[PDB]
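Chains as they are written, first to last, in the entry's author numbering: chain T, 200 to 265; chain R, 12 to 282, 584 to 754; chain S, 57 to 83, 94 to 111.
Below: the structure, in C-alpha cells.
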Amino acid sequence: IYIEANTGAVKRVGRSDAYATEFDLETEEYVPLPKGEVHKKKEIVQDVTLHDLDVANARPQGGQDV
Amino acid sequence: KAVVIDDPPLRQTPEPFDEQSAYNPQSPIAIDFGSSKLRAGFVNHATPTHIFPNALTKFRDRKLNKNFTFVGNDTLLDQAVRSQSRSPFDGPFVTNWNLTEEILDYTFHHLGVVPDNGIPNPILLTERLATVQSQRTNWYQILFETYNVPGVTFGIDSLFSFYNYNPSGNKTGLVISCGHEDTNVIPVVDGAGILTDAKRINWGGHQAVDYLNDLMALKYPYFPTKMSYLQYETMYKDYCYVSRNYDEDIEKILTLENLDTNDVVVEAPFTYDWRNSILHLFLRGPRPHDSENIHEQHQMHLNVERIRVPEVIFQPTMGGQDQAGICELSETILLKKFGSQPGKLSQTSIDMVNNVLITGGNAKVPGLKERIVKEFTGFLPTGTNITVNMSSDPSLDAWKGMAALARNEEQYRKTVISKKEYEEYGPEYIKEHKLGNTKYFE
Amino acid sequence: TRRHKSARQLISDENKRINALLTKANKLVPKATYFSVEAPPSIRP
C-alpha cells in the first residue's frame, strides 16, 4: 500500500512478490517488496497562486478532490 | 580465458594412529558421537585430541584370520577399505550397537587408559534432540552394565555449543544448528533450552550430498564414468555458497555475462546458435562444446546452479519435505512465542535476537551469515539490533561444550547421573537439567 | 541378542508407545517427543 500521514491518501500498489505462487494464473499484479524503510519523511515547498485558491474553493459543481 | 580442469581425487593418510600411554584415572572423558566426525579427548585439553570419521571396516584377509584394521583413519589409509567402511550411525540414531562398542573400545585404546574394572572415569556423552526411549535405554545398558562407567550425562550438542560461547549458563539466546543429518532451531530462555518450543528440520548435510548426486546424475544421464560419494562431498565443500537473495539471482544465473565468473567445470578422472540455446549454457557453460574431445565427455560443467543445493535449507520444499524453512521457524519463535506479538517484541525475544549462535558441520558453507542477518532484518522491527556469531570451526565447538561443563563443577554435579540412581530408577529416567533433554510429559 | 532394527521401525514403535501411553492416559499432552519437535508445514505458498 501507500499511506501518507498528513493527507491520508491510501493507494494500493499491488500484491506482494512472496505471494505470487498461490495460484498459477490470477489478475493480481504482483509488485516486489519495497527496498527502503517503511517510514519516509521529507519536506517540500508548495508554490501556489491566489487564483489557484479562488478556483479551488469556487466550484459551481463541487467534488474537485475525488 | 582458457578452460581449467579440476581433479576430484582424495589421497590417503599414511599416519592414521597415535596415542599416549600416560593418563589421569580421575579426569573424565569428553566424547562426541558425531555422524560425520567422531571427536574424542580428555578434560584438561582445550581442543579434542582425536577426530575420526566415525566409521569402521571389517577387513577380511586370507591366511590371517580375516579381522583387521577396524576403526579410524586407517580406513582412509586404503581406498578399498574406505569404500567398504560402514558408518553405523543411521538416520535418527545408530543401528548396530556392538559396532559402537568396537568404536568405544578403539578410542579407549587411543586415550591410553589402562582398564580399571570397566571404566574408571565419567563419560561425557552427546545425544540428538527428542531421543526415542528405546535408544536411551540401549545407551543406559551399553554404558552402565557393558562399560561400568561411574557417571554419564547426555544432552543436545548445539545446546552445549550455546553454553560454550556464553559460559555464564543463564544467558538468553537463539541457537541454530546445521548438523550432518538433521538441522534444528532451539530457543533458549535464561540459559535453559525450552524444548517444547524447538523445531527440527529433516534435511541436514547427508541429504544435501544426496541431492547434489541426484541432480548431477539427472543432468548427465549418459556420463561415461561413475563418480564417488566422497568426491561428491569434495565437490560440495569446494564449490557451494548461499545467495544473498535467491529470488532475483536465478533469473540472472544463466545470463551470459554471469557465466564467465559463476561457472567452474570439474574433470572426472579417466585414463541454433549456442548463445540462444539455454540448454547449451546449462549443460556446457560459457565455452563452445567439443563433442569429439574425451575431456568434454568427462567434463562436469557444474556451478550453473551451485546455489540450488545449499538453498534448500531455507526452503525444504525442493527437498521434498513439507516443513517450513529456517526463516519461518524464526518468524514463529521470535514473533509469536514467549509473549511476543507481531509489532511488539517481548524483552526475552529481544535478548534472543541480541545473541544468535549458529554451529554445526554444515555451517562451513560461505554466505550463510549475511543471508541469515538479511532474512532476520527482513521481518524484525527497525532498530532491533541483530548480532549473529560464527565459530572458527562450528563443528568442533560441541567438544568445547564438553570441556566447559567439565570445568564448571557446581553445574557438573547437577547433570551427572549415577549408577545407583540408574539401578534405583531403571533405564526410564532422565534428569531434567537445563542443558539437555526434558521429560516426554509434564 | 542383537539384530539391526530399522530406524523407520524405531520411529514406528516409538509412535506406538506414545499412542499406547496417551490412550491409557486420557481414559496428558506430550511435552517433547520426536513428533512434536518436527517442524510444521509452511503457511506461505
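Built from N, CA and C at the ideal position, the CB exists for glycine as well.
What's the call for residue i, buried or exposed, on a 16-neighbour Cβ count within 10 Å?
{"i": "residue 78(R)", "result": "exposed"}
{"i": "residue 227(T)", "result": "exposed"}
{"i": "residue 670(R)", "result": "buried"}
{"i": "residue 716(R)", "result": "buried"}
{"i": "residue 709(R)", "result": "buried"}
{"i": "residue 655(R)", "result": "exposed"}
{"i": "residue 205(T)", "result": "exposed"}
{"i": "residue 133(R)", "result": "buried"}
{"i": "residue 238(T)", "result": "exposed"}
{"i": "residue 91(R)", "result": "exposed"}
{"i": "residue 62(S)", "result": "exposed"}
{"i": "residue 212(R)", "result": "buried"}
{"i": "residue 97(S)", "result": "exposed"}
{"i": "residue 139(R)", "result": "buried"}
{"i": "residue 242(R)", "result": "buried"}
{"i": "residue 246(R)", "result": "buried"}
Provide the residue(s) that pair with residue i in DSSP beta bridges, ordered along the chain.
{"i": "residue 137(R)", "result": "166(R)"}
{"i": "residue 668(R)", "result": "185(R), 700(R)"}
{"i": "residue 23(R)", "result": "BP columns for residue 23(R) are empty, so no partner."}
{"i": "residue 41(R)", "result": "52(R), 135(R)"}
{"i": "residue 63(R)", "result": "49(R)"}
{"i": "residue 613(R)", "result": "276(R)"}
{"i": "residue 227(T)", "result": "Answer is none; residue 227(T) lacks a bridge partner."}
{"i": "residue 104(S)", "result": "211(R)"}
{"i": "residue 209(T)", "result": "202(T)"}
{"i": "residue 70(R)", "result": "79(R)"}
{"i": "residue 97(R)", "result": "67(R)"}
{"i": "residue 596(R)", "result": "Residue 596(R) pairs with nothing; no bridge assigned."}
Give every residue of the same chain whose Cβ lies closer than 7 Å to the Cβ of residue i, excluding the five residues on either side of it in the sequence, and list them in chain order.
{"i": "residue 682(R)", "result": "255"}
{"i": "residue 699(R)", "result": "666, 667, 668"}
{"i": "residue 623(R)", "result": "253, 254, 257"}
{"i": "residue 631(R)", "result": "214, 218, 222, 624"}
{"i": "residue 238(R)", "result": "19, 279"}
{"i": "residue 731(R)", "result": "155, 161"}
{"i": "residue 102(S)", "result": "96"}
Which residues in the same chain as residue i place their Cβ atom closer than 6 Å to its Cβ, once the five residues preceding and following it in sequence are excluded?
{"i": "residue 200(T)", "result": "211"}
{"i": "residue 218(R)", "result": "none"}
{"i": "residue 172(R)", "result": "671, 709, 710, 713"}
{"i": "residue 63(R)", "result": "49, 83"}
{"i": "residue 170(R)", "result": "204, 747"}
{"i": "residue 175(R)", "result": "709, 712, 713, 716"}
{"i": "residue 71(R)", "result": "77"}
Leaving out the 5 sequence neighbours to the left and right, which residues in its chain are closer than 8 Å to residue i when beta-carbon positions are compared?
{"i": "residue 260(R)", "result": "254, 619"}
{"i": "residue 2(R)", "result": "The question about residue 2(R) has no answer, for chain R in this structure spans 12 to 754."}
{"i": "residue 288(T)", "result": "With chain T running from 200 to 265 in the structure shown, residue 288(T) is simply not present."}
{"i": "residue 43(R)", "result": "49, 50, 51, 59, 137, 168, 710, 711, 714"}
{"i": "residue 734(R)", "result": "151, 155, 741"}
Under 8 Å: does the beta carbon of residue i sit that close to some heavy atom of the ligand NAP?
{"i": "residue 261(T)", "result": "Because no ligand of any kind appears in the structure shown, any question about the ligand NAP cannot be addressed here."}
**Study point:** Segment contact flag, the stretch 227-244 of chain R with the stretch 608-618 of chain R, C-beta cutoff 8 Å, min 3 pairs
**Key:** yes
**Study point:** the stretch 101-110 of chain R in contact with the stretch 678-695 of chain R per 3-pair CB rule at 8 Å
**Key:** no
**Study point:** Those runs of the beta strand (DSSP E) which lie wholly inside the stretch 145-216 of chain R and span at least 3 residues
**Key:** 163-166, 184-189, 194-200, 210-212
Check your understanding: Does the pairing of the stretch 627-646 of chain R with the stretch 188-205 of chain R give three or more beta-carbon distances under 8 Å?
Key -> yes
Practice item. Evaluate the contact criterion for the stretch 253-273 of chain R versus the stretch 246-257 of chain T: three or more CB pairs, one atom per stretch, below 8 Å. Key: no
Review point. Any chance the stretch 58-69 of chain R sits against the stretch 81-90 of chain R, with 3 or more Cβ pairs inside 8 Å?
Key: yes
Practice item. Report the residue ranges of all alpha helix (DSSP H) runs contained in full by the stretch 628-683 of chain R; include only those spanning at least 4 residues, in chain order. Key: 638-648, 659-666
Practice item. Kindly confirm or deny that the stretch 590-602 of chain R and the stretch 179-189 of chain R touch, where touching means at least three C-beta pairs closer than 8 Å. Key: no
Exercise for review: Could you tell me whether the stretch 207-222 of chain R touches the stretch 121-129 of chain R, using the rule of 3 or more Cβ pairs below 8 Å?
Suggested key: no
Point to revise | contact_flag[the stretch 66-80 of chain S, the stretch 142-149 of chain R] where n(CB pairs < 8 Å) is 3 or more | key: yes
Check your understanding: Do the stretch 24-32 of chain R and the stretch 107-125 of chain R touch if we need at least three Cβ pairs shorter than 8 Å?
Key -> yes
Exercise for review: Please go through the stretch 710-751 of chain R and give each complete beta strand (DSSP E) segment of 3 or more residues, from N-terminal end onward.
Suggested key: none
Check your understanding: At what residue ranges does the stretch 227-251 of chain R contain a whole run of the alpha helix (DSSP H), taking only runs of 4 or more?
Key -> 240-249
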